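Structure, as structure tokens:
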Amino acid sequence: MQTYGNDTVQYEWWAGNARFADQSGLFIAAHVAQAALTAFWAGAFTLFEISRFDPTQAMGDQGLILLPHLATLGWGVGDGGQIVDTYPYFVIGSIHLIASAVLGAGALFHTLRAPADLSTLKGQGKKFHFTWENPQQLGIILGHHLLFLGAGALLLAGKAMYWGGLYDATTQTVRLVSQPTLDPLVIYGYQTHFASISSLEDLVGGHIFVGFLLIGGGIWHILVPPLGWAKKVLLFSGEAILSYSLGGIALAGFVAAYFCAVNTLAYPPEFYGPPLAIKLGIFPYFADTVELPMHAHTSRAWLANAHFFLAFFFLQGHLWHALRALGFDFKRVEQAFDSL
Amino acid sequence: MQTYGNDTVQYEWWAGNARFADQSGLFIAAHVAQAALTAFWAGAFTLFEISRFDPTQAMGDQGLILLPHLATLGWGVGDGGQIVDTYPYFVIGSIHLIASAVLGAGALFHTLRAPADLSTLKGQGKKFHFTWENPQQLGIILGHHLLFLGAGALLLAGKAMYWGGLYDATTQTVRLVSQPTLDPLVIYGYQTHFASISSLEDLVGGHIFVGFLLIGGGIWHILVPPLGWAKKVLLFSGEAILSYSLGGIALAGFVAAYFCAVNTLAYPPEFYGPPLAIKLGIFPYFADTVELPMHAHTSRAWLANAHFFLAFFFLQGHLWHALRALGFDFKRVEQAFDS
Amino acid sequence: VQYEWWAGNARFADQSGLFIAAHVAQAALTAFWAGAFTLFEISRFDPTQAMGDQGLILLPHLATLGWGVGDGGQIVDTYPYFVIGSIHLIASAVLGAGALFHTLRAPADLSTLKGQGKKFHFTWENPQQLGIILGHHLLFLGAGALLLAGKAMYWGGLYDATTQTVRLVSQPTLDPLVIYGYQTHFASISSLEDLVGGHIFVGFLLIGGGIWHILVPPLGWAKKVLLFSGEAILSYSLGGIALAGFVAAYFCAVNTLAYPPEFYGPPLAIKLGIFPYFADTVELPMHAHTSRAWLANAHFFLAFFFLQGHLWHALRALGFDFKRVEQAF
Ligand code: CLA
Ligand code: CLA
Ligand code: CLA
Ligand SMILES: CC1=C(/C=C/C(C)=C/C=C/C(C)=C/C=C/C=C(C)/C=C/C=C(C)/C=C/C2=C(C)CCCC2(C)C)C(C)(C)CCC1
Ligand SMILES: CC1=C(/C=C/C(C)=C/C=C/C(C)=C/C=C/C=C(C)/C=C/C=C(C)/C=C/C2=C(C)CCCC2(C)C)C(C)(C)CCC1
Ligand SMILES: CC1=C(/C=C/C(C)=C/C=C/C(C)=C/C=C/C=C(C)/C=C/C=C(C)/C=C/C2=C(C)CCCC2(C)C)C(C)(C)CCC1
């Protein structure tokens, strides 16, 4: 936390998650409980989407949110964009459900059996003890999360190359994509038309390039400690790293909301509905060209608008926490109105 | 119980059943009274169901639940899934009533004639007294229960192999199977596809295998105590062992609800109804494929959905007793919202 | 201790004369119901119709023995019912005579007598004289079993419902291994000759039990596994009579051999709604039932209520007077 003086600070219940921000074990426990909640939502809602799926209609009109996310990977897709056999969606939903179960079990284990601070441990638990002031352990955690995201990108790459086939909007069948792009100059040139790429080989080439970039960043962050040039320009607290991550996930949400509404192959038009139109009224939303009867919207509209609004409010959360990390009081803005 | 204040911690009447967690003389009376109520349900409710039975309609139509539980054992079913008499269901319910009567008598004995403690005797009861600190005696009680469960499994195998025939979904006849399964390779292969078996012989062979496995586990728990790493990893208390068993019975209830949902040979489709579909709305219910006239359900749904709910709430009871055994009092939650 | 007037018969626990008097008076009331209601519910009888439809309650038991019935199962007389009712009248007379003589004239404490009364006083802490009373009662019940055995040899034998004849039984079973295997074949033997053949074995068993109880007292373990108080001995007797009432309700439900089906009623059906009961296969419209359903249901409910009375006296005997007060703090 910030703690502009008053080192022994007490937070009330409406800021109740600020109480464990200094301790270590509850800091692990709350986050793995949150990951259990995300895995539970994923598995339980693709099961709920299998429960409320009709094969006599098109996909995106009935609010199909997760089954197009699995059909773009090409798991149970047939011919012409038709889904007749849904075994592996139920398989990955059950996998995510039991994964949420074991993650919640570990969360309650760290809340109950593991102590608050990991400095009282003796074996490997003392090596996992972290503080918001030393950047070395934070760099180790940073590099290992970099390595895990790179491993996830490599798993997606193997799903595109060896472990299965992806889906395209041209042939509307599965496709075993091999021999991707190997040139980084055209990847440097992809900063202008990244929204419409229209080729899956370029997609898996960009994915293996960003995956190898992530592995390089991971081994770089594990190998060298963080330097001194960034410690003079970046703040080192809980709310500072919270702010950097909040701005990162808000930018990622804006990027994903732009990617959802205009793409055609990473979001097929028969699975998510037609591509959208960026329409600014009061706020910039995404409207469909055709109008659904029961005031309804496609999955593309729901995904793009929800991710845009969540990215917007996460940007203001980054703003709140980043101004908090710079020393602002925030009753100073109430004292500025009260002095007036 | 965690013994917060001391061993004589107070309890109100909404938790008064925690008062005999350390007495170990009222434990016996409460448990065999629950066994008496279980046998009372098992007998009196099939006596209730034998009065409202219709021979023309299907058994999964009006809500017959216990009679399809006995019809798959081949007691009073004719050819093609039709019931020809009501006598063996009546005598099985009657002997369950007699077992309930003698177990309730033993319960009133153990709460009335037997003392509140069991270490206060001088005969065989001194060797029967248990408490929640020693691993070897509790392992002995566990091994005795494993021997009893394996004996029940071998009794089921003897019923299927020597005490008449059995119903199947292949020939639709009361069939006496023979030559059960020896190799565990198909038993290992059934671990990844346990929904459909397509063999009654492999079912009774797996039953003989798990029965012998339970006799072996009971003998192992009788002879040798826990080696020492269980005292380091696990816990040994009332609430901890209760939570272990609650998680076990919740997992058993989950897999039993799923086995009632998908399978169609252990539960015959002409007796319970058509095989259900796992429809997750606000909760996962195992819904029918046909529709009943006035808000009714088939008996397979009444089995599977109720056992799913009971497995869910027993999972949360396992969570409650696990947190109770791990030093959490649930009084820091009400104390973390003040000031 | 003191008992209120709403429940004050517990004073018979120490007074022995009233203990004899009230029970012999109760037996006089039973014999008065046996004699008087046979001679009073005879005007409801009509041999033109059936015996199961009118609701005759006593006379089925008299036609069970095979006194005034012949071929086809028809009643042509009343005079055997008259002589059995009349001996029940004079038996109730002499039994009530001894009853009120013990109530009014005999002393209460039998140990304060001089002749053959001081050797007749009983109490609740001895296994010897109570064993003598048990032996004499076992002798008399075995004598009643001997009378049932002699009914199949003296007056033409019992009545058979299968062959529709009052046949003389003269084939006793000389093997107790059939008696062992009867626990599956309860009320389904399809033979009337095997009932008397099972009655002579249990009759000689009753004589042997009475001889064992007269000759030797409880030799030591009955002082430990059992109690001798009045409430506990009442509990044991009520449990025995409740088991008897339940098995008699089962015999009135399922047998249709000892009870003739053309006289008592059709075979019954075991049902359960709120309480378990028995219902006829052929119902009657005027809110009436056969003697089978009436007897089986009433004996089932009375056996249940006397099982509850057995549990009440067992809780009263073993110190559980009022201990559920400590539920609420
Ligand atoms: C990375 C995510 C993240 C994390 C870890 C935190 C963490 C924290 N924030 Mg926070 N915040 C975030 C994102 C995040 N914030 C965003 C995106 C916003 C913008 C809206 C804010 C705005 C914000 C404010 C304004 C304040 C905090 C405060 C705090 C601190 C106290 C704990 C707390 O939140 O109270 C516990 C949380 C609650 C009691 C929840 C409040 C109940 C809300 C109103 C209901 C949820 C709204 C809605 C229904 C959500 C669903 C949306 C849609 C599906 C309908 C804690 C360190 C407080 C602080 O620094 O004081 C010490 C504080 O005053 N945050
Ligand atoms: C094998 C199962 C088992 C056993 C032996 C116990 C044993 C115990 N539990 Mg328990 N529990 C269980 C399962 C079990 N629980 C499950 C599955 C849950 C989740 C719901 C709980 C939740 C729970 C709580 C929240 C608490 C206990 C407590 C206790 C202890 C005190 C006795 C008691 O319950 O109060 C005496 C019993 C009663 C008062 C009976 C109440 C019955 C209510 C009125 C039923 C309401 C109807 C309900 C909807 C169910 C309907 C079923 C439907 C089919 C009709 C005792 C050691 C308490 C404790 O730790 O001590 C303080 C406590 O606070 N338990
Ligand atoms: C052979 C059978 C037998 C015997 C000898 C006894 C003997 C005794 N019982 Mg008893 N009891 C029995 C069977 C028996 N009971 C059965 C089967 C039940 C269950 C229904 C009970 C329930 C019972 C209770 C609940 C109590 C006794 C008590 C007593 C003792 C006090 C004296 C007495 O009877 O009060 C005489 C009492 C009355 C005559 C009742 C008053 C009048 C009522 C209101 C009328 C009867 C109600 C009934 C509905 C009428 C219609 C009859 C119906 C068949 C049509 C005495 C030792 C009491 C005790 O322990 O001592 C204080 C006591 O509290 N008994
Ligand atoms: C708040 C809080 C917290 C947190 C926690 C959490 C948040 C949790 C979560 C957790 C979770 C979230 C969990 C999960 C679980 C899971 C489960 C419970 C599952 C189950 C399921 C099932 C069993 C299923 C089944 C099936 C299958 C498998 C298939 C077929 C069909 C069916 C569907 C039936 C803490 C403690 C830290 C602190 C305090 C407060
Ligand atoms: C090709 C392609 C692709 C790929 C992509 C990629 C590969 C990307 C990358 C990306 C990246 C690679 C990005 C980056 C960016 C960055 C940023 C966004 C940053 C920001 C930040 C800032 C600006 C900060 C600053 C600072 C510092 C550094 C320190 C001092 C102070 C300050 C704070 C100021 C895809 C798949 C789509 C498809 C196909 C095509
Ligand atoms: C053949 C026949 C017959 C006959 C019958 C008889 C012969 C019967 C018998 C019966 C019997 C012969 C029975 C038995 C039973 C038994 C019981 C029922 C017992 C009980 C007991 C008790 C309850 C006791 C116990 C105890 C002891 C010992 C001690 C400890 C504790 C106690 C108390 C628990 C008739 C006529 C039908 C006809 C036809 C044929």
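A:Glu291 meets the conditions (1) under 30 Å from A:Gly139 (Cβ atoms); (2) out of contact with any helix residue (DSSP H, G or I) (no Cβ under 6 Å at 6 or more places or on another chain) in every case but one. The failed one is (1). Here A:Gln137 clears all of (1) touching a residue at least 12 places away in the same chain (Cβ under 8 Å); (2) in contact with a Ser or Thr (Cβ under 8 Å, 6 or more places away or on another chain) except the condition numbered (1).
Restricted to region C:271-293, and to residues there that are polar (S, T, N, Q) and part of a loop (DSSP other than H, G, I, E, B), the residue that is nearest to the other protein chains (Cβ to nearest Cβ) is C:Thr281. Any residue in region C:294-305 that is more than 16 Å from ligand 4 (Cβ to nearest atom), in contact with a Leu (Cβ under 8 Å, 6 or more places away or on another chain), more than 13 Å from every other protein chain (Cβ to nearest Cβ) and not in a strand (DSSP E or B)? Yes. Residues in region C:188-235 that are within 14 Å of chain B (Cβ to nearest Cβ) and crowded, with 17+ Cβ neighbours inside 10 Å were compared, and the one that is nearest to ligand 5 (Cβ to nearest atom) is C:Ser235.
Within region B:317-331, if we keep just the residues that are away from chain A (no Cβ under 11 Å) and assigned to a loop (DSSP other than H, G, I, E, B), the residue that is surrounded by the most Cβ atoms within 10 Å (Cβ to Cβ) turns out to be B:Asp329. Restricted to region B:161-270, the set of helices (runs of 4 or more DSSP H) holding at least 3 residues that are touching a residue at least 24 places away in the same chain (Cβ under 8 Å) comprises B:200-223, B:238-262. When region B:39-69 is filtered for residues that are part of a loop (DSSP other than H, G, I, E, B), surrounded by fewer than 17 Cβ atoms within 10 Å (Cβ to Cβ) and away from every other protein chain (no Cβ under 12 Å), the ones remaining, listed by number, are B:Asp54, B:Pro55, B:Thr56, B:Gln57, B:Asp61, B:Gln62, B:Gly63.
Out of A:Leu112, A:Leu155, report the one residue that is within 28 Å of A:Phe40 (Cα to Cα) and within 16 Å of ligand 2 (Cβ to nearest atom). Break it down stepwise before answering.
On the way: A:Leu155 fails: within 16 Å of ligand 2 (Cβ to nearest atom).
Among A:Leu112, A:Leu155, only A:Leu112 is within 28 Å of A:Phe40 (Cα to Cα) and within 16 Å of ligand 2 (Cβ to nearest atom).
In a residue-by-residue description of region C:241-253, the property of being within 14 Å of another protein chain (Cβ to nearest Cβ), under 22 Å from the mean Cα position of the chain (by Cα) and surrounded by fewer than 16 Cβ atoms within 10 Å (Cβ to Cβ) applies to at least one position.
From the list B:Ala36, B:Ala21, which one is surrounded by 17 or more Cβ atoms within 10 Å (Cβ to Cβ), under 29 Å from C:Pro276 (Cβ atoms), away from every other protein chain (no Cβ under 13 Å) and among the aliphatic types (A, V, I, L, M)? Give the derivation first.
Numbers: B:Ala21 fails: under 29 Å from C:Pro276 (Cβ atoms).
The conditions single out B:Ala36.
Here B:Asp79 clears all of (1) over 21 Å from the mean Cα position of the chain (by Cα); (2) crowded, with 18+ Cβ neighbours inside 10 Å; (3) under 27 Å from B:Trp163 (Cα atoms); (4) away from chain C (no Cβ under 13 Å) except the condition numbered (2).
Going by the conditions given, is B:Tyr267 aromatic (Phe, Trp, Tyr), in contact with a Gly (Cβ under 6 Å, 6 or more places away or on another chain), away from ligand 1 (no atom under 16 Å from the Cβ) and more than 20 Å from A:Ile98 (Cβ to Cβ)? No; evaluated as a whole, the condition is false for this residue. Out of B:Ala107, B:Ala99, one residue alone is surrounded by 14 or more Cβ atoms within 10 Å (Cβ to Cβ), under 24 Å from the mean Cα position of the chain (by Cα), within 14 Å of chain C (Cβ to nearest Cβ) and in a helix (DSSP H, G or I). It is B:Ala107. In region C:118-130, the count of residues that are of a type in the set (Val, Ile, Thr), surrounded by fewer than 17 Cβ atoms within 10 Å (Cβ to Cβ), out of contact with any strand residue (DSSP E or B) (no Cβ under 7 Å at 6 or more places or on another chain) and in a loop (DSSP other than H, G, I, E, B) is one or more.
For residues in region A:1-18 being more than 11 Å from chain B (Cβ to nearest Cβ) and outside any loop (DSSP other than H, G, I, E, B), which is nearest to A:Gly80 (Cα to Cα)?
Residues of region A:1-18 more than 11 Å from chain B (Cβ to nearest Cβ): A:1-9, A:15, A:17-18.
Still in the list and also outside any loop (DSSP other than H, G, I, E, B): A:15, A:17-18.
Details: A:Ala15: 52, A:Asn17: 49, A:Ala18: 52 Å.
If we take residues in region A:1-18 being more than 11 Å from chain B (Cβ to nearest Cβ) and outside any loop (DSSP other than H, G, I, E, B), then A:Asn17 is nearest to A:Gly80 (Cα to Cα).
None of the figures in this text is laboratory data; all of them are computed from the coordinates on show. Every residue, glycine as well, gets a Cβ built from its backbone with ideal geometry; the counts of neighbours run over all protein chains shown.
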